[PDB]
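Here's the structure we're looking at; comments come further down.
2 protein chains.
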Amino acid sequence: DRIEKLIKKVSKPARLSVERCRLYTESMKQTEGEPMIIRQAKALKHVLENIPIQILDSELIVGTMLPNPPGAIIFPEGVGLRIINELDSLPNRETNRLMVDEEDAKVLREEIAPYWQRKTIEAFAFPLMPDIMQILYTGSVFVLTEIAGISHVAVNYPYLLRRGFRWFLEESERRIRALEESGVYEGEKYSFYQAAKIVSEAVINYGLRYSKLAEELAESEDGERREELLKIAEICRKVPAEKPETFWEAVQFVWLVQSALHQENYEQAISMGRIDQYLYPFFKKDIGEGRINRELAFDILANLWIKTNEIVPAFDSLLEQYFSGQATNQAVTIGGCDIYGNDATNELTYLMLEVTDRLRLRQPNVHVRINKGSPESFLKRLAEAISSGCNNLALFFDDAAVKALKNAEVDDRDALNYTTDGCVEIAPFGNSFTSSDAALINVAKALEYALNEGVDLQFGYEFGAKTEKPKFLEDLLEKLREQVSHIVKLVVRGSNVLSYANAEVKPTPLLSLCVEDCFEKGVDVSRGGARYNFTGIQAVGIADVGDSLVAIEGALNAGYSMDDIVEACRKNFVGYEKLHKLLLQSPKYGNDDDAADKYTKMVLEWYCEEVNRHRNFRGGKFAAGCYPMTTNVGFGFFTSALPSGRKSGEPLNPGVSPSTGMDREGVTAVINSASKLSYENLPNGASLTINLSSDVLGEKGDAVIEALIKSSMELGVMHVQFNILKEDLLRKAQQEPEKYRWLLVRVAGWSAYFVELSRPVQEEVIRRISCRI
Amino acid sequence: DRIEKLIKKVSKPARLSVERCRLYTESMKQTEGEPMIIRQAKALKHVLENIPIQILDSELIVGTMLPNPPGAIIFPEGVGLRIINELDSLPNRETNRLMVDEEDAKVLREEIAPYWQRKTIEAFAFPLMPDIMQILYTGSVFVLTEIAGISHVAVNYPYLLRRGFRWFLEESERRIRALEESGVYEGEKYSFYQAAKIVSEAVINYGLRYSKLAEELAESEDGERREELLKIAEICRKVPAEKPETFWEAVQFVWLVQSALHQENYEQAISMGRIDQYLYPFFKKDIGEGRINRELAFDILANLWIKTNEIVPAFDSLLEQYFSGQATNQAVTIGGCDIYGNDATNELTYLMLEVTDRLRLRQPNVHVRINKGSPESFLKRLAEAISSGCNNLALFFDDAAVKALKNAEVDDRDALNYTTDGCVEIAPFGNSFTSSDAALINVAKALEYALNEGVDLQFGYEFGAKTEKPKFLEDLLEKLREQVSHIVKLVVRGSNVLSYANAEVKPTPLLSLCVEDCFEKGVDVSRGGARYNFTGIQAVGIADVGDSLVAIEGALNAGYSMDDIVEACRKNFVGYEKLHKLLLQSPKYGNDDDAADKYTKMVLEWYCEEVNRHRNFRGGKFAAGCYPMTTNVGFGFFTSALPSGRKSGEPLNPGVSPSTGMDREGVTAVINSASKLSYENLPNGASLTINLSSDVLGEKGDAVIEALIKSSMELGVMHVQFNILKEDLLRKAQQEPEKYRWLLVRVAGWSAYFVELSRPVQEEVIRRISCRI
């Protein structure tokens, strides 16, 4: 069958791809001194008209993301110069290896890198935040990702599918004329429609190139395959330019613009939204008009899922520690309700679960919305996939998610119709720009500053508020809240400068067509044309500070003073080995223990209310999230010992999941603990990962996992994801990695091949495998 | 069974009700000199706390619209003083008779009428448009209904059902405090929340009064009925104040606020929206939790449908000619698609069709959205009801309707999720104020002015543009377009003055809570707080001017001159009997004849583009509609003879339906003609009525009506409605009216009891019964 041929032709080693990077620069040199949005349009056009294209083995959906797939696309306007600086290490390094063709390694080092030097987003922002860039680079307090660009949005495909790109081209033309009739006093709006025109033409022509290759391959081909390539030629002539009428035409539409978007916007989290909802009209018409059958429809969706595995991120050695596991994350959202609360599961929802279950690949990040009205069969079928170790699903609970959005002042209907993107981030579908991973914040560092008068405990960094030495518990709490505030303020200032920087040196016109209000208002997405505008920033280490507070509570209570506890931390418990054992013995978040997990909850609420009050550059507000990527590990390295008994250098806790090995009452008790957090104030999402041994599942694999699903729904958690892991298979995968490179895990919000995770991160997924409950 | 007991207790003669009118005045006297929005709040409160209430025979849903039902509610702030001026004629007049208690007839004539004299909406607007009021009252050119108030909106029940009125009360209280903290510089916003508070309290207390009556009746009652009244007591204690959790709780919620709204806002078109979509979560939960069964659910909906028959309009003798047939029109919208295009028919859609089919009462105005993806069973089931003479359905075609809304600049999703209200008017659901019957315009009068240099042909009224005497056909067309323009401008000026007048003397705070953005922005609905703001104005006589143009074309062509044709018209074809026969013989709109129906289409497009360009007071734009009420008759009386051969005084054509007896090629050919009109420019709706003889249906009643349904969908019409009429039953209903007062007809967008239509209107429904196709 067809899937088998497709699966094997994305299992070959990945390369550092260069053709987008080159042709971009080539256009940007031809365009210097022109209006920047037109330059971006013209660059995107040039790459789409000149990138090598190929249709692959037995494909029904075409559009390689880069020529000769598995690879990394380079964005030197953003953060692609990070990776040029380490070209030697790329083919031989332990995680996310990329072969580099040495002929184009020369093209990067002396053609690309000297041009883009000081033409980047970071070059704009630097003189405006030099003090923030300095503390960013210490790796210890936060990371700001908007250096690399924005992305992180589920693309409004239903907006696109109701118009097609020939509409945009013509409408841009009507609007260019009308602007000229009024004497072009609206220069910005004019530049926009000029860009839109160009960018529409590019996309139309890009479909046309694949139509021509399909025709060229079919006069050289036999039987059924010749029938297929002639269909592909016919489809790609029509769509991305016209409104599609068939399901195949719709799925080929979305994938062309999806691959196109990846030439303009950087690799992170460009998602497809509620794909089961909006492909269903074409699907329902085609079945029962006989046009297609169920197995062809399956193969079509399979092809799409498989194609999103063509990218792998261009992360350097440092970025591999904080984002380990080949994180790109073109997400897909299935299931959920309509704008009335009715169940919106259709037959295409089930289909999409099946193709996900069969494929078990690292990508797409499949996100399943469930609620109290989801069909019982669908929950069973979800539980079967998860229990049989598919390890590639995430569950999103509608109740908590729409409550979060309503507090972020989203409309009823826009909250009900939400989508997901990236790992765990939630957003109104199609009319929002949420910059959903704009920063990640080490809140453990806040506590560290809070007991050392705004100095780093082991590094001498004066980055914190100038608080005093703490005495009692109660005035460490005030000092903590003040420090969280201070650190949040640092990233809100930083991200805003960066958002202005993006608007100025990297507007993104194609993406703008795909995000509602932008095209109609004639303002680019990076300037704020989306209806809702948000900036998602994330708390990491919420349990580490929570637990350190419980452990301080009891240690003062019986015996010790504050000065002891900070000195213990500074000295890494060397010479403090009695107290340290009492700290470690103290109650932990993750065990349904109110006296422990009330502190973590309170820490999150403080964080949330300190975030949600600030406004961003794009004219909306900031949005609080709690998910780690692998920055809980990265920040950990440079986090000192904290009064929870965590040793200096050790990993922090991931998302809203408890610290490693502190979950002694088991997996149901973790969920009870996690569902105590105020999700209603967390509108950028939360990551809860539950790791289960396969033996503990046993014969009743189904029953016990559906139990956990219905339990997390009833107790009101926002997000849950599961891992079914066999420990010595994971041990054997360290030993012979290429033999076991099919081994899938959920890291902290996304699927990675276990082999591609670093040693600290691997050791963490192994140690978090739970047996109780 | 229960329905039978309920049906018979709204068949008694109607009264002129006075208790709302009185208690309103009573409060308004206590409140003089206070902020008008607070006065309106306090008045509404006073009536809801003091109106006599009663639970009726075997009711499950309670909330009489007026004490002792069938009746008219009087709004002296609007147009209720019209009817006091004719108190003597009310119990003994031929249509819409109202018994008047002579004790409260004295209260109207010397307590109500001298107070409200010059405190009305019209009193505000008069000095600002005295020239328009003068030409309004000649009845000949347009009617402006906003003298009477606004209404005409489908109420946002899902907004309400997700909050409940205790939320509003408390939120108003938080917002009143925060306004005070900032020193109340936002006085208007402050007045608003003050009103909202008051109006929420009123509604909570109003539910509580019905809870107490239910408790009082149940300590005096037996068995099953005592079980029911105790449930009603329990339900009305909880809801309108809390979010409902059961289906019965939901339906009782909506009806309480629905009856409440009718004490604040005048009788026209306060509708319930997509009721099948938003009651379905409660329904689906209750079935299969055993809470309710299918027959109880039926009875609950039956009770609601039956209760909307308690009102009958307070129209005087002149208003009865232009709005004959007891038009109030609490509409209900079932069927249609979601915001993705998927079919949104659920089991509750079918239920609602069934209760409609069984009841066959004049009210609710049931509106069925269908599209190309509607289930085949549902179309069959619609066709069965219609063919069996139910005569109480209207069909709305999604394709044409969402295209109309998108051109009015409605968002994709808001257009897909549209609702209907009144007769045929369409609107984004829940976040719009469209004033959907704000005016009706006699476009035949435009043509009359167009060939008499802006003078009325038989009345000497100089109300038209000062055009010249027409010579050729081509320069009568220019002169026509200019005259349509001139007349539209007159009503846009008039309606805007009136809309400002409403905002000033009749803000409507309860209704404001129910229309989205209003409460959140803290601005009343009449001031423009709704997300979309529109003003619906209607063309009447589009075929009369269309046909007069074809008839002018051929009459000039062969022989005659322009001066002849106008003189013929002025002289009512007396002395012009040859030419008149040629005019009558000329091609007519309604027969699929391009040479005829191209003129009508063009007339509508001119009208539409002249309307849709003007902006209203509430900060949106005007919206073009084409439906008559019975003003096609009323305007007819005072319309002179026109070159189509229509005699002076005769009725004009209704909606987008052809002139009476000009539809010689039959019913399919009428639909082809009607589907040539540009619906994409008609965003306030169109009325097409198809009248069929029951014999012509024959044994294949189903087949031939589904044929017409699928034909009107395929040919792209906006709205169609059907009548199955037996001619001599209608003849017998003139003879013995009270014996035949159950006889239902669709007038031009709504159901009336044939007995309640005037002689000119009755004669029209009889003569329009078609036999061909």
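These protein sequence lines map, in sequence, to chains A and A'. A prime marks a further copy of an entry chain. Each residue of the first sequence is one higher than the one before, starting from 4 at the first, in PDB author numbering. Each residue of the second sequence is one higher than the one before, starting from 4 at the first, in PDB author numbering. The C-beta atom is built at its ideal place from N, Cα and C for all residues, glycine as well.
With a threshold of 7 Å on Cβ separation, who are the neighbours of residue i within its own chain once the five nearest residues in sequence on each side are excluded?
i	result
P55 of chain A'	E22 and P70
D424 of chain A'	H155, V156, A157, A272, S274, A334, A430 and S439
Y503 of chain A	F620
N499 of chain A'	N619 and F620
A598 of chain A	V553 and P590
Report back the beta-carbon spacing between residue i and residue j to the nearest angstrom; my notes put them in contact at under 8 Å.
i	j	result
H617 of chain A'	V495 of chain A'	5 Å
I540 of chain A	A449 of chain A	No, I540 of chain A and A449 of chain A are not in contact; Cβ-Cβ is about 13 Å, not under 8 Å.
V427 of chain A	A418 of chain A	Going by Cβ atoms, the distance from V427 of chain A to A418 of chain A rounds to 17 Å, so no, they are not a contact pair.
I309 of chain A'	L356 of chain A'	Incorrect: roughly 16 Å between the Cβ atoms, too far for contact.
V458 of chain A	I124 of chain A	Actually they are not in contact, since the Cβ atoms of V458 of chain A and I124 of chain A sit about 31 Å apart, beyond 8 Å.
Excluding five sequence neighbours on each side, which residues of the same chain lie with their C-beta closer than 6 Å to the C-beta of residue i?
i	result
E412 of chain A	none
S660 of chain A	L691 and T692
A506 of chain A'	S529 and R530
For residue i, write down the residues that DSSP places opposite it in a beta bridge.
i	result
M632 of chain A'	DSSP, once it has assigned bridges, lists no residue as partnering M632 of chain A'.
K109 of chain A'	None, per the DSSP bridge assignment.
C340 of chain A'	A':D346
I273 of chain A'	A':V156
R618 of chain A'	A':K624
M102 of chain A	A:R18
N445 of chain A	A:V543
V707 of chain A'	BP columns for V707 of chain A' are empty, so no partner.
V335 of chain A	A:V369
What residue range does the beta strand (DSSP E) around residue i cover?
i	result
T359 of chain A	Careful: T359 of chain A lies outside any beta strand (DSSP E), inside the alpha helix (DSSP H) at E350 to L362.
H583 of chain A	Premise fails: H583 of chain A lies in the alpha helix (DSSP H), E580 to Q588, not in any beta strand (DSSP E).
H155 of chain A	From DSSP, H155 of chain A is part of no beta strand (DSSP E); its letter is neither H nor E.
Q57 of chain A'	Taken as a continuous stretch (DSSP letters only), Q57 of chain A' belongs to no beta strand (DSSP E), as it is neither H nor E.
Near residue i, which residues of its chain fall below 8 Å by C-beta distance, leaving aside the five closest residues on each side in sequence?
i	result
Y353 of chain A'	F381 and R384
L232 of chain A	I58, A217, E218, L220, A221 and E224
Can you tell me where the alpha helix (DSSP H) holding residue i begins and where it ends?
i	result
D401 of chain A'	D401 to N410
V50 of chain A'	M39 to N53
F537 of chain A	Element bounds for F537 of chain A: not the alpha helix (DSSP H) but the beta strand (DSSP E), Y535 to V543.
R240 of chain A	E227 to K241
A430 of chain A	Per DSSP, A430 of chain A belongs to no alpha helix (DSSP H); it is in the beta strand (DSSP E), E428 to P431.
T671 of chain A	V670 to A677
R169 of chain A'	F168 to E184
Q329 of chain A'	It is not in any alpha helix (DSSP H) - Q329 of chain A' carries neither H nor E in the DSSP assignment.
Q266 of chain A'	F250 to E267
Review point. Are the stretch 318-335 of chain A and the stretch 379-396 of chain A touching, with three or more C-beta to C-beta distances below 8 Å?
Key: At 8 Å Cβ cutoff, the stretches do not touch.
Check your understanding: How about the stretch 335-345 of chain A' and the stretch 732-741 of chain A': do they share at least three Cβ pairs that are nearer than 8 Å?
Key -> Not touching, per the Cβ criterion.
**Study point:** Segment contact, 8 Å Cβ cut-off, at least three pairs: the stretch 545-559 of chain A' with the stretch 638-648 of chain A'
**Key:** With the cut-off at 8 Å, the stretch 545-559 of chain A' and the stretch 638-648 of chain A' touch.
Point to revise | Cβ pair count under 8 Å reaching 3, the stretch 103-111 of chain A against the stretch 593-611 of chain A | key: By the Cβ test, the stretch 103-111 of chain A is not in contact with the stretch 593-611 of chain A, since fewer than three Cβ pairs between them sit closer than 8 Å.
Review point. Are the stretch 623-639 of chain A' and the stretch 558-567 of chain A' in contact at 8 Å, needing three or more beta carbon pairs?
Key: Judged by Cβ distances under 8 Å, the stretch 623-639 of chain A' makes no contact with the stretch 558-567 of chain A', as fewer than three pairs qualify.
Check your understanding: Do the stretch 581-588 of chain A and the stretch 468-481 of chain A make contact, defined as three or more Cβ pairs closer than 8 Å?
Key -> Taking 8 Å as the limit for Cβ pairs, the verdict is that the stretch 468-481 of chain A does not touch the stretch 581-588 of chain A.
Exercise for review: Examine the Cβ distances between the stretch 156-175 of chain A' and the stretch 129-144 of chain A' and report whether three or more of them are shorter than 8 Å.
Suggested key: Taking a cut-off of 8 Å for Cβ pairs, the stretch 156-175 of chain A' and the stretch 129-144 of chain A' do not touch, as fewer than three such pairs fall below it.
Review point. Quick one: any contact between the stretch 159-168 of chain A' and the stretch 255-269 of chain A', if contact means 3 or more CB pairs under 8 Å?
Key: Cβ pair count under 8 Å is three or more, so yes.
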